[PDB]
Structures are given as C-alpha cells and as structure tokens.
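Listed below are the residues making up each chain.
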Amino acid sequence: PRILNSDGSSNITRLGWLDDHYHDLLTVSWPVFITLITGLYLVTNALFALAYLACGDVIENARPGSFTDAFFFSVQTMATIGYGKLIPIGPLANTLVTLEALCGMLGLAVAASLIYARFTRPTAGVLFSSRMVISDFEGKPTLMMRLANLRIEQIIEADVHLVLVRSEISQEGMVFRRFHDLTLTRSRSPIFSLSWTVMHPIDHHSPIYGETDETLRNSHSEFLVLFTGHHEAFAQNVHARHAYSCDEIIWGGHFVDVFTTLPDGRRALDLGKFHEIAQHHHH
Amino acid sequence: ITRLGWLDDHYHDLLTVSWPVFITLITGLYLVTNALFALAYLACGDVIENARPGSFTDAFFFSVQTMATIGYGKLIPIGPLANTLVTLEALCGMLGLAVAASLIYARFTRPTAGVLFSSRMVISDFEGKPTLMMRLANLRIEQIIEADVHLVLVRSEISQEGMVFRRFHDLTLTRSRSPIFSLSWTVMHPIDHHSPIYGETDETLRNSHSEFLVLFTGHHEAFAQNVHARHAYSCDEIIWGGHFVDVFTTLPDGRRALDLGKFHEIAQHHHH
Ligand SMILES: [K+]
Ligand SMILES: [K+]
Ligand SMILES: [K+]
C-alpha cells in the first residue's frame, strides 16, 4: 500500500474540457495529438468549402454545388498546392482564398510550435539501483543506492537528493507526512559519466538514526531520489526521479562491483551486476 | 570501456497584445504588404498573364497567390521585371512566416503552474510556537521539481527620517524548498522573536495595513519548463486559531487519496 511508486510518481486518487488547452495538447499521446490536428485540419477545410459553396459556383472546373470539389479545392488552396484546375472566380471567391492562405500558414505556425514544444524533451539516461542497502562504510552504518549512466555522453554538474518521507507527530499531536533531506557524503558530481554510489552516513544527525526495520514500516516511511544534471548529448538539462519503500532497503547488504575484468583483461562496466547486492546469510 | 547491458517597445508589445489584436496586426501587415507589391506590379504595367489591364484587384490577388506561393497559374509573371518582383515576394513571404512563427511560438509557449492556493491563511500553535501558514495544492498529475515558495509580509513602517512607506519582509519558513512538489504543501512561518509579526494581534495588522504575498516557482515536468504562481492575502484573510483540515483520506479499499474539496476548509474552535 505504498504512497510512492517505484517510478517516483505519487500513488494517490485525485478527486475533482477546454480549460487547460495548452497543457492538454502537450500531455496527449502522439496518436491523439495527430488526430486532433487532423480533425481540426479537415474540419476547417469543410468550413471553408461551405464558405465557397455559399457564394455559389465560384470555382473553375468544379461540379456545380458539389461539396467534394469545394473541399478538395479548399485543401489545394490552404496547403497552397493550388494545382490549377479548380480556380477562384470573382472577388468573393478570391478573398476567401487569400483568407484561407493566411489561415493555412498560421495553422502551420501553431502546429509547429506544438510539435517542437512536445518534441524537444531530453531524458537522463540514468538507471536507479532497484534497491537501497544499509551497511557499514568507513566505520558507520550508511544508507546507499547507486545510479548508472546509460549513455556514452556525460552529465555535467550532476547532483542528487536523498529525501526520506515519513509520518510524524507534533507535540500538539498533528499527524503529518514530512520530508527530510538526508546529508550525503557526496551530493555533487561535476562529471557523472559511468556509475555513482550515493551514500547517507547514519549518525546522531540522520533522521533514520538508531532505526530498525520495524520502526521504518511504522512511520510508513519511504525514500525519494531526485537526480539532475546537464546532459552533453542534448546540451540541455535533464532529470530523473525514483522512490523506494521501507521494504526495498536490504539491511547488511553490499552492492556488488560493476567493474569487471574480461579475457582481454581491460576494465569493463557490466550493467548486469548493477542491481546485484551481496548478502551474508546466517542460518 | 566495454558496456555490457508608439513603436518604442515593439517586441514586448507584440507578446503583450491580446490574441484578437495580434492576429489583426498580422492580418493588417499581411494585406498591406500585398497591396504594396500589387502596386509594384502595376507600376511595371500589365506584366501579369490573364490580368485585367491596370486592375488593382487582379494584381493584389496575384500578389497573394505569389507570396503565399499557391501560384495557381492563371495569373503569371511576364518579363524580367515581373519575375524579379516575384522571387523577391516569395523570399518576403517565407521571411514573414519565420517572423510570424517565432512570435506565435513565443507567446504560445506560456506554461501555468497547476497550483492552487488556500483561500485563507491561519495562525495556530504548531510544535510549541504560534505559526502562520497556508498551503498549495498541485492540480496536475505531473510533478514540479525544486519547487520553492516565498512568504512576504508587506506593511507600512516609519523611516528614521519619518517617511511612512510600505516595506517588504520575507518571512522565514520552516521549509522553503521542496525538491519534489507533487500533491500538497503546507507552508509555515513560525512566529518567534525574529518574526516581523511577533507579538502582533489582529488589530495591529490592520493598523499597518499589512498584507501577505506568496510567490511559488518551480520546474514543471509537464512542460519541461519553469512555472510560477503568485497569490496575496489581506490581514482579514488570516484565520486566527484556525487549523487547516486534512485533505488526505484512506479509501474503503485502503488506498490513500486526496480530496481537493477539503483543501480550503479550516477547523476552528468557537467559544460562545
Ligand atoms: K506551396
Ligand atoms: K503551390
Ligand atoms: K499550379
């Protein structure tokens, strides 16, 4: 019954048409977005076709009072193919033409913006260790997990936040979910390129100090990781988030080493080991 | 390593104008330039195929067909002069589009933080000290990263020189940063000997004609772009002793939920 999913998205039921037009257009699935555009596209042409027919027989070589011909003319005119069979006739016909033209290009301008707006989004090639572990590092128990860069390109001034979210009781007895940012031994990595094992030493200042497993479940506590940095691939900022529940903490565990030796003998990175955690089993 | 796995502020004005007007401006410019070009054509004189001699309409409409590059084919350039004007217009047309597009995109690509502000603030005991607070709710499924908020008191004061003006006090929040704002955030300004509103009653707040300004900003994942939102409270929108109700619920299913209805609800003790 977790508050936060693995993907980092909160896991809650929200309780609440043209209101949020811009957001919606960027939020919709490509299929739908294209459909919407198409719909609008056809629609307006039909509208214009009617405008033409309304004037009546104002298009060269058009079957009298036929919507098809008018519609197709309308597209040839708005897309500015303008083949040349169907042609405007008289002031009314033509004014509608120069109006449509403008409309066509404006549509393109709007379409383009939308396309570019939804198209130009990078994604940090970052993978999160499926688990966290708590183990002795440098003489103090330390909470940790690790990121692996999935691309050849590097991420500059990358940095990461490890935030504990758990329930608390105030002196006044208010019961709330609070956020604790956990001091990391290393929060900045000016050049993140392969793997980074993040660590939160646990001492008298750690909000999880002298805390067992039982105690973590009891505060219904989770752990949220936010990574961000500047990806050279895209020459633009990227970010990635991930969340762990109390039960994804492997106590006593140690992340295996991803750095391996081949028959060639050169050091290599194996992403397979990335999720592997060493563990002592004591019967 | 081997991986195994009037014309002064033109730009501002163009972005600031209402869509109706902006489209009009564009349209105006559009028609205008075509008329200009039409004249250029007529100026040469009868240089367009199938054009009624010395008729502006024909020239104008030709000009549009040429600049929008429909180029139907009835009206056609004739001779060097006609055509040069053509290849000139063409260029002009596309450039216009490039400019129009930029403008369109520039004014079109403006996200809005899906953020809702609690209609009221409250002053109540939290963690053993009276605390001023209000709360934000994210109205979208998408998350806002490194979100942060400013709580600024604005009130009247006296200078040593005795100027009675309006000053800004940023109020220390127990939590000013939220790297991941996703549902609801209750912002708090503990009131102690350092709070500009320390040992202040309601009467005293009205007296300084004091208000409270909230600025929220953060990076919205929806738009992959920065967003912001501002809100303001007057002295009388402070509910003394009040406590924001809880928006969280456990469903019958045992699954957590958020009710935005409760969001504006403030608990209160009435003592006859
Ligand atoms: K064309
Ligand atoms: K064409
Ligand atoms: K043609």
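The name that the PDB entry assigns to chain B is POTASSIUM CHANNEL, with the source organism given as Magnetospirillum magnetotacticum. The record for the entry shows the title "POTASSIUM CHANNEL FROM MAGNETOSPIRILLUM MAGNETOTACTICUM".

The PDB entry lists chain A under the name POTASSIUM CHANNEL, with Magnetospirillum magnetotacticum as the source organism.

A. Structural view of the overall build of chain B. Within chain B, the regular secondary structure consists of five helices and 15 strands. Relative to the globule expectation of 19 Å for 272 residues, the C-alpha radius of gyration of chain B, 31 Å, shows a markedly less compact shape. Taking the principal axes of its C-alpha atoms as reference, chain B extends roughly 90 × 70 × 50 Å.

B. Structural detail: the coordination of the potassium ion (ligand 1). At the metal site, the potassium ion (ligand 1) is ligated by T80 of chain A (O), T80 of chain A (OG1) and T69 of chain B (O), and these contacts range over 2.6 to 3.2 Å. In this structure, the potassium ion (ligand 1) is positioned 3.1 Å from the potassium ion (ligand 2), and both are ligated by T80 of chain A. Here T80 of chain A, found in the loop between α3 (67-78) and α4 (90-119), pairs with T69 of chain B, found in the loop between α3 (56-67) and α4 (79-108), and the two come from separate chains.

C. Quick peek at the sheet that holds strand β1 (residues 3-4) of chain B. Read from one edge of the open sheet, three strands run β13(A)-β14(A)-β1(B), paired in mixed fashion. Two strands close off the open sheet at either side, each with one partner strand: β13 (259-261) of chain A together with β1 of chain B. Pairing of strand β14 (residues 267-270) of chain A with β1 of chain B, which is carried by two bridges, proceeds in the parallel orientation. In the strand pairing of β1 of chain B, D270 of chain A is matched with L4 of chain B.

D. Structural detail: helix α2 (residues 30-55) of chain A. Residue and element names in this part refer to chain A. Here α2 spans 38 Å end to end across 26 residues, near enough to the 38 Å set by a 1.5 Å rise per residue. Among the residues of α2, those classed as buried are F33, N45, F48, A49 and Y52. Where α2 is buried, its residues contact α1 (21-27), α3 and α4.

E. Examining the coordination of the potassium ion (ligand 2) more closely. Bound to the potassium ion (ligand 2) are the protein donor atoms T80 of chain A (O), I81 of chain A (O), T69 of chain B (O) and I70 of chain B (O), situated 2.5 to 2.9 Å from the metal. Classification of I81 of chain A by relative accessible area gives partly exposed; the value is 43%.

F. Spatial organisation of the domain arrangement of chain A. Partitioning chain A into structural domains gives domain 1 (18-122) and domain 2 (123-283). Taking the mean C-alpha position of each, domain 1 of chain A and domain 2 of chain A sit 52 Å from one another.

G. Inspection of the interface of chain A and chain B at higher detail. Taken together, the contact between chain A and chain B spans 67 residues of the former and 53 residues of the latter. Taken together, the elements giving at least two residues each to the side of chain A that touches chain B come down to β1 (13-15), α1, α3, α4, β6 (175-181), β9 (222-231), β10 (236-245) and β14 of chain A. It is α4 of chain A that provides the largest number of residues to the side of chain A that touches chain B, a total of 16 residues. Looking at the side of chain A that touches chain B residue by residue, the class counts come to 32 nonpolar, 24 polar and 11 charged. Relative to strand β14 (residues 256-259) of chain B, β1 of chain A runs parallel, the two being bridged by three bridges. Residue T13 of chain A lies in a different strand from β14 of chain B, and its bridge partner there is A257 of chain B.

H. Representation of the environment of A243 of chain A within the structure. Residue and element names in this part refer to chain A. With respect to the helices and strands, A243 occurs in strand β10. Residue class for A243 comes out buried when judged on its relative accessible area of 1%. Each C-alpha atom, one on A243 and one on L194, is 21 Å from the other, the two residues being 49 residues apart in sequence. The residues touching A243, leaving out its near neighbours within four places in the chain, are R2, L4, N5, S6, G8, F223, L224 and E248.

I. Structural context of unusual backbone geometry. The phi dihedral of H220 of chain A is positive, around 45°, even though this residue is not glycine. Relative to the elements of secondary structure, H220 of chain A occurs in the loop between α5 (213-218) and β9. Notably, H209 of chain B is not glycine yet its phi reads approximately 45°, a positive angle. You can see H209 of chain B is positioned in the loop between α5 (202-207) and β9 (211-220).

J. Just the packing of aromatic side chains, in detail. Enumeration according to the criterion identifies 17 aromatic pairs over all chains in this entry. Measuring from ring centre to ring centre gives 6.0 Å for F73 of chain A and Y72 of chain B, while their planes differ by 15°; the resulting arrangement is stacked. Here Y72 of chain B lies in the loop between α3 and α4 and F73 of chain A lies in helix α3, a pairing that spans two chains. Accessibility classification places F73 of chain A together with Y72 of chain B in one group, the buried group. A centroid spacing of 6.2 Å and a plane angle of 55° characterise the contact between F192 of chain A and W196 of chain A, whose relative ring orientation is tilted. Take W196 of chain A: its relative accessible area is 7%, and that puts it in the buried class. If you follow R118 of chain A out to its NZ or CZ, it ends over the ring of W30 of chain A, 4.0 Å from the centre. Geometry around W19 of chain B places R107 of chain B over its ring, the cationic atom sitting 4.0 Å from the centre.

K. Examining the domain arrangement of chain B more closely. Partitioning chain B into domains gives domain 1 (7-111) and domain 2 (112-272). Spacing between the C-alpha centres of domain 1 of chain B and domain 2 of chain B amounts to 52 Å.

L. Representation of α3 of chain A. All names here are of chain A. End to end, α3 covers 16 Å across 12 residues, agreeing with the expected 16 Å (1.5 Å per residue, within 8%). Burial runs high along α3: nine of the 12 residues are buried. Among all positions in α3, only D69, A70, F71, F73, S74, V75, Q76, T77 and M78 are buried. In this structure, the buried side of α3 is in contact with α2 and α4. Phi for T80, located one or two positions after α3, is positive at around 55°.

Rules of the game
Residues numbered from 1 in each chain as written, not as in the entry; some residues may be left out. Chains lettered and ligands numbered in written order. Heavy atoms only, no water. Residues with missing side-chain atoms left out of burial classes, pairs and counts. Helix = DSSP H or I, 4+ residues; strand = E, 2+ residues; numbered from the N terminus. Rg over C-alpha atoms; globule rule 2.2 N^0.38 Å. Donors = N, O, S within 2.8 Å, 3.2 Å for Na, K, Ca; no water. Pairing = 2+ DSSP bridges. Expected span 1.5 Å × (residues − 1). Buried < 20%, exposed > 50% of the residue type's maximum accessible area, 1.4 Å probe, protein only. Contact = heavy atoms within 4.5 Å. Domains from an automatic or database assignment. Nonpolar A, V, L, I, M, F, W, Y, C, P; charged D, E, K, R; others polar. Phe/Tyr/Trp six-rings, centres within 6.5 Å; stacked < 30°, edge-to-face > 60°. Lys NZ or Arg CZ within 6 Å of the ring centre and 35° of its normal.

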